[PDB]
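Reproduced below: data_27.cif, with mmCIF, C-alpha atoms.
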```cif
data_start
loop_
_atom_site.label_atom_id
_atom_site.label_comp_id
_atom_site.auth_asym_id
_atom_site.auth_seq_id
_atom_site.Cartn_x
_atom_site.Cartn_y
_atom_site.Cartn_z
CA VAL K 156 -23.33 -38.49 -8.53
CA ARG K 157 -19.87 -36.87 -8.58
CA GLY K 158 -18.65 -38.90 -5.59
CA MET K 159 -16.90 -35.90 -4.08
CA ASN K 160 -14.82 -36.16 -0.90
CA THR K 161 -17.27 -34.02 1.09
CA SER K 162 -20.10 -36.54 0.61
CA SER K 163 -20.36 -39.05 3.48
CA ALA K 164 -20.56 -42.24 1.40
CA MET K 165 -17.26 -41.61 -0.40
CA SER K 166 -15.42 -40.76 2.82
CA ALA K 167 -16.76 -43.86 4.55
CA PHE K 168 -15.59 -46.16 1.76
CA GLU K 169 -12.06 -44.76 1.78
CA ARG K 170 -11.76 -44.97 5.57
CA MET K 171 -13.18 -48.50 5.62
CA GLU K 172 -10.85 -49.66 2.85
CA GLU K 173 -7.70 -48.59 4.68
CA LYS K 174 -8.83 -50.32 7.86
CA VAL K 175 -9.97 -53.41 5.97
CA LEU K 176 -6.71 -53.74 4.05
CA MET K 177 -4.64 -53.50 7.22
CA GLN K 178 -6.87 -55.96 9.06
CA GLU K 179 -6.92 -58.48 6.22
CA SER K 180 -3.16 -58.24 5.74
CA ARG K 181 -2.42 -58.58 9.45
CA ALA K 182 -4.47 -61.75 9.86
CA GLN K 183 -2.86 -63.26 6.77
CA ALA K 184 0.61 -62.24 7.94
CA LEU K 185 0.14 -64.00 11.28
CA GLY K 186 -0.90 -67.18 9.49
CA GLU K 187 2.15 -66.98 7.24
CA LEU K 188 4.46 -66.66 10.25
CA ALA K 189 3.05 -69.85 11.75
CA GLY K 190 3.48 -71.59 8.39
CA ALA K 191 7.03 -70.30 8.09
CA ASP K 192 8.09 -71.96 11.34
CA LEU K 193 9.66 -75.42 10.88
CA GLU K 194 7.69 -77.03 13.72
CA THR K 195 4.31 -76.34 12.09
CA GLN K 196 5.52 -78.00 8.88
CA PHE K 197 6.90 -80.89 10.95
CA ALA K 198 3.55 -81.31 12.72
CA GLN K 199 1.80 -81.92 9.39
CA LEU K 200 4.37 -84.60 8.56
CA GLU K 201 3.83 -86.18 11.98
CA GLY K 202 0.08 -86.28 11.40
CA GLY K 203 0.55 -88.22 8.18
CA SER K 204 2.71 -90.74 10.01
CA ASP K 205 0.18 -90.89 12.85
CA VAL K 206 -2.94 -91.73 10.82
CA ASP K 207 -1.66 -94.89 9.09
CA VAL W 156 -41.28 5.02 -21.38
CA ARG W 157 -37.59 6.01 -21.30
CA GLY W 158 -36.61 2.97 -19.21
CA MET W 159 -34.27 5.03 -17.06
CA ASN W 160 -32.11 3.45 -14.34
CA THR W 161 -34.03 5.21 -11.55
CA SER W 162 -37.29 3.46 -12.47
CA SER W 163 -37.87 0.23 -10.48
CA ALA W 164 -38.75 -2.05 -13.40
CA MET W 165 -35.48 -1.42 -15.25
CA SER W 166 -33.37 -1.93 -12.14
CA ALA W 167 -35.16 -5.17 -11.30
CA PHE W 168 -34.57 -6.63 -14.76
CA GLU W 169 -30.85 -5.88 -14.68
CA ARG W 170 -30.40 -7.32 -11.19
CA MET W 171 -32.44 -10.41 -12.05
CA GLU W 172 -30.51 -10.99 -15.27
CA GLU W 173 -27.12 -11.07 -13.55
CA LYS W 174 -28.39 -13.51 -10.93
CA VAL W 175 -30.17 -15.63 -13.55
CA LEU W 176 -27.12 -15.85 -15.80
CA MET W 177 -24.89 -16.95 -12.94
CA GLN W 178 -27.44 -19.48 -11.71
CA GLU W 179 -28.09 -20.94 -15.16
CA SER W 180 -24.38 -21.15 -15.93
CA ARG W 181 -23.53 -22.75 -12.59
CA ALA W 182 -26.11 -25.53 -12.95
CA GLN W 183 -24.95 -26.22 -16.50
CA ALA W 184 -21.30 -26.18 -15.45
CA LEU W 185 -21.92 -28.81 -12.77
CA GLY W 186 -23.61 -31.06 -15.31
CA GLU W 187 -20.69 -30.65 -17.70
CA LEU W 188 -18.22 -31.66 -14.99
CA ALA W 189 -20.11 -34.90 -14.39
CA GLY W 190 -20.17 -35.53 -18.14
CA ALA W 191 -16.46 -34.79 -18.41
CA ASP W 192 -15.57 -37.53 -15.94
CA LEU W 193 -14.68 -40.88 -17.58
CA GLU W 194 -16.77 -42.96 -15.18
CA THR W 195 -20.04 -41.27 -16.16
CA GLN W 196 -19.32 -42.01 -19.83
CA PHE W 197 -18.39 -45.58 -18.88
CA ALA W 198 -21.67 -46.00 -16.99
CA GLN W 199 -23.67 -45.24 -20.14
CA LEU W 200 -21.67 -47.90 -22.01
CA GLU W 201 -22.32 -50.36 -19.18
CA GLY W 202 -26.05 -49.68 -19.38
CA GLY W 203 -26.11 -50.56 -23.06
CA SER W 204 -24.35 -53.83 -22.31
CA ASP W 205 -26.72 -54.47 -19.40
CA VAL W 206 -30.05 -54.12 -21.26
CA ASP W 207 -29.45 -56.74 -23.99
#
```
Rewrite the structure of this file - the entire thing - as structure tokens.
Amino acid sequence: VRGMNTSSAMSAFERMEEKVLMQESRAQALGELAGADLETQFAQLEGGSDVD
Amino acid sequence: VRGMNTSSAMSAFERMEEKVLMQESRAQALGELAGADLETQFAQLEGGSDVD
């Protein structure tokens, strides 16, 4: 009930959270980098021109 | 009749009492610690909200 560090469930959650945060952030960061590049933005503009 | 220290019954009671007091106090202390934590108090409040 106390949720002490020794108990397995509490330790697992903390370990999982650190890994999850890093993984989630890394995937998002990569996407942002692609978005940041001018060419990716330009490609979207090109697509709009292309469809009409 | 004298209840002298040498007699087995007197010695047993004294030894048992020390162990019993420590055991009773320790169990109670653990319960108090759980009660002391804010989350346990919060859980009771949540339960009241949950039932209605």
* Run the PyMOL selection byres ((chain K) within 10 of (chain W)) on the file and write out the hits as a PyMOL selection string. => chain K and resi 156-158
* Asked: What is the distance between CA of residue 160 (chain K) and CA of residue 183 (chain W), in Å to one decimal?
  -> 21.1 Å
* How many Å separate CA of residue 205 (chain W) from CA of residue 168 (chain K)? ->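 Separation between CA of residue 205 (chain W) and CA of residue 168 (chain K): 25.3 Å.
What separates CA of residue 159 (chain K) from CA of residue 184 (chain W) is a distance of 15.6 Å.
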Output file request: chain K, with C-alpha atoms, as a PDB file, in the first residue's frame.
```pdb
ATOM      1  CA  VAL K 156       0.000   0.000   0.000  1.00  0.00           C
ATOM      2  CA  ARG K 157       2.940   2.282   0.877  1.00  0.00           C
ATOM      3  CA  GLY K 158       4.427   2.055  -2.630  1.00  0.00           C
ATOM      4  CA  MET K 159       7.949   1.758  -1.264  1.00  0.00           C
ATOM      5  CA  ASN K 160      11.001   1.617  -3.550  1.00  0.00           C
ATOM      6  CA  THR K 161      11.775  -1.993  -2.594  1.00  0.00           C
ATOM      7  CA  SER K 162       8.450  -3.240  -3.983  1.00  0.00           C
ATOM      8  CA  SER K 163       8.709  -4.428  -7.618  1.00  0.00           C
ATOM      9  CA  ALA K 164       5.708  -2.543  -9.016  1.00  0.00           C
ATOM     10  CA  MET K 165       6.991   0.881  -7.942  1.00  0.00           C
ATOM     11  CA  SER K 166      10.477   0.232  -9.308  1.00  0.00           C
ATOM     12  CA  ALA K 167       9.087  -0.975 -12.628  1.00  0.00           C
ATOM     13  CA  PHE K 168       6.961   2.141 -13.098  1.00  0.00           C
ATOM     14  CA  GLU K 169       9.875   4.493 -12.450  1.00  0.00           C
ATOM     15  CA  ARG K 170      12.207   2.614 -14.794  1.00  0.00           C
ATOM     16  CA  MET K 171       9.551   2.414 -17.503  1.00  0.00           C
ATOM     17  CA  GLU K 172       8.736   6.112 -17.214  1.00  0.00           C
ATOM     18  CA  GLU K 173      12.322   7.233 -17.800  1.00  0.00           C
ATOM     19  CA  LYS K 174      12.629   4.986 -20.847  1.00  0.00           C
ATOM     20  CA  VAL K 175       9.209   6.009 -22.150  1.00  0.00           C
ATOM     21  CA  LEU K 176       9.905   9.723 -21.783  1.00  0.00           C
ATOM     22  CA  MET K 177      13.196   9.450 -23.657  1.00  0.00           C
ATOM     23  CA  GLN K 178      11.651   7.312 -26.394  1.00  0.00           C
ATOM     24  CA  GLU K 179       8.632   9.572 -26.845  1.00  0.00           C
ATOM     25  CA  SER K 180      10.784  12.700 -26.888  1.00  0.00           C
ATOM     26  CA  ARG K 181      13.284  11.238 -29.350  1.00  0.00           C
ATOM     27  CA  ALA K 182      10.629  10.248 -31.893  1.00  0.00           C
ATOM     28  CA  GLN K 183       9.003  13.671 -31.602  1.00  0.00           C
ATOM     29  CA  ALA K 184      12.361  15.422 -31.903  1.00  0.00           C
ATOM     30  CA  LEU K 185      13.160  13.611 -35.149  1.00  0.00           C
ATOM     31  CA  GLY K 186       9.815  14.668 -36.600  1.00  0.00           C
ATOM     32  CA  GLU K 187      10.454  18.270 -35.592  1.00  0.00           C
ATOM     33  CA  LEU K 188      13.835  18.250 -37.333  1.00  0.00           C
ATOM     34  CA  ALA K 189      12.223  17.147 -40.592  1.00  0.00           C
ATOM     35  CA  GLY K 190       9.594  19.860 -40.176  1.00  0.00           C
ATOM     36  CA  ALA K 191      12.264  22.452 -39.437  1.00  0.00           C
ATOM     37  CA  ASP K 192      14.002  21.844 -42.765  1.00  0.00           C
ATOM     38  CA  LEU K 193      12.914  24.243 -45.549  1.00  0.00           C
ATOM     39  CA  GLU K 194      12.564  21.513 -48.181  1.00  0.00           C
ATOM     40  CA  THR K 195       9.867  19.646 -46.243  1.00  0.00           C
ATOM     41  CA  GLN K 196       7.841  22.860 -45.963  1.00  0.00           C
ATOM     42  CA  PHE K 197       8.438  23.510 -49.667  1.00  0.00           C
ATOM     43  CA  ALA K 198       7.214  20.011 -50.550  1.00  0.00           C
ATOM     44  CA  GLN K 199       3.836  20.717 -48.934  1.00  0.00           C
ATOM     45  CA  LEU K 200       3.543  23.901 -51.007  1.00  0.00           C
ATOM     46  CA  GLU K 201       4.442  21.935 -54.140  1.00  0.00           C
ATOM     47  CA  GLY K 202       1.728  19.389 -53.386  1.00  0.00           C
ATOM     48  CA  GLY K 203      -0.900  22.115 -53.223  1.00  0.00           C
ATOM     49  CA  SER K 204       0.232  23.409 -56.602  1.00  0.00           C
ATOM     50  CA  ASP K 205       0.289  19.856 -57.978  1.00  0.00           C
ATOM     51  CA  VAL K 206      -3.280  18.821 -57.088  1.00  0.00           C
ATOM     52  CA  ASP K 207      -5.149  21.645 -58.875  1.00  0.00           C
TER      53      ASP K 207
END
```
